[PDB]
């Protein structure tokens, strides 16, 4: 008669590491780290992202005529820009503070396109001849941005002073844009805006702006030696904007009512397809569907994701050392 003391074992070949010992087979363990992803973009909070498709953010927001697919209202959980999107700023120039604009739009959820300054606002000038072959639509070789208007002196006289006001009596901030045209020589300046010193100025309660032309000849870009300095701002609820110019004004026309998220916000540069599925965690690399604590797919995500980490495995032993025989 006898009795023995001992312990469990099994068919397991799952291994772990310790400070003292690598490759140690154990009975039961758990893997804390996810490495599997679905290479696609899905919905977040049952809300679908924005596919810019063949438009860049600039081309979208400025109203590039080949970006008319995106025109009007938009709502998004996040934004997807495509690596080699072709339509952005068609008429050569710089968007001032571009990076901060990208960050601001990143922090958004929705835009409502509306008309802020009808062409009638600008009195004694030509609001109908503002076009260039730098900016074609899919239906003509010479157009311009849908949200801007290129004011040019009336077919004879000089450029009068022109003035505009918009009082933001609503509850939402307004994103809007304008520009200054920098011509390549004196004669073009005169052909478009007539002679004399020219200015563009803009005032709000908490912002003012003045600028004159910077006339010089630049390298040809989309067949243009002229430039445009693009500018963007946000008219807060309660604020009101005064526009005043006697020449070279690329005047705001359409603008956006903007909804700030207060949460994180993401803009993904990627080529992954957007599919009609759902997700609670969305990396730039793909979707994670897990209950695990760690992940090694990507540090860039929107939603509720595991802590990104460089490890291959994070295997934690729960059972004892396996010694079958």
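Numbering follows the first chain given and starts at 1.
**Student:** Test of understanding: from the entry's C-alpha B-factors, which stretch has the higher mean, 203-211 or 153-161?
**Tutor:** The recorded data point to 153-161.
**Student:** If you average the CA temperature factors as listed in the entry, which stretch comes out higher, 251-259 or 125-133?
**Tutor:** Mean B over CA atoms: larger for 125-133.
**Student:** Checking the entry, which one of 74, 87, 147, 96 has the top C-alpha B factor?
**Tutor:** Top of the list by C-alpha B-factor: 87.
**Student:** Reading the B-factor column of the entry, which of 79, 175, 103, 188 has the highest value at its C-alpha atom?
**Tutor:** Max CA B-factor in the entry, restricted to 79, 175, 103, 188: 188.
**Student:** Going by the recorded CA B-factors, say which third of the chain residue 216 sits in, lowest, middle or highest.
**Tutor:** According to the entry, residue 216 has a C-alpha B-factor in the chain's highest third.
**Student:** Sorting the chain's modelled residues by C-alpha B-factor, tell me whether residue 264 ends up in the lowest, middle or highest third.
**Tutor:** Ranked within chain, residue 264 CA B lands in the highest tercile.
**Student:** Ranking the modelled residues of this chain by C-alpha B-factor as given in the entry, is residue 116 in the lowest, middle or highest third?
**Tutor:** As the PDB entry reports it, the C-alpha B-factor of residue 116 lands in the middle third of its chain.
**Student:** Sorting by Cα B-factor within the chain, modelled residues only, which third would residue 280 end up in: lowest, middle or highest?
**Tutor:** CA B-factor rank for residue 280: middle third.
**Student:** Could you tell me which third, lowest, middle or highest, the C-alpha B-factor of residue 53 occupies within its chain?
**Tutor:** Lowest third.
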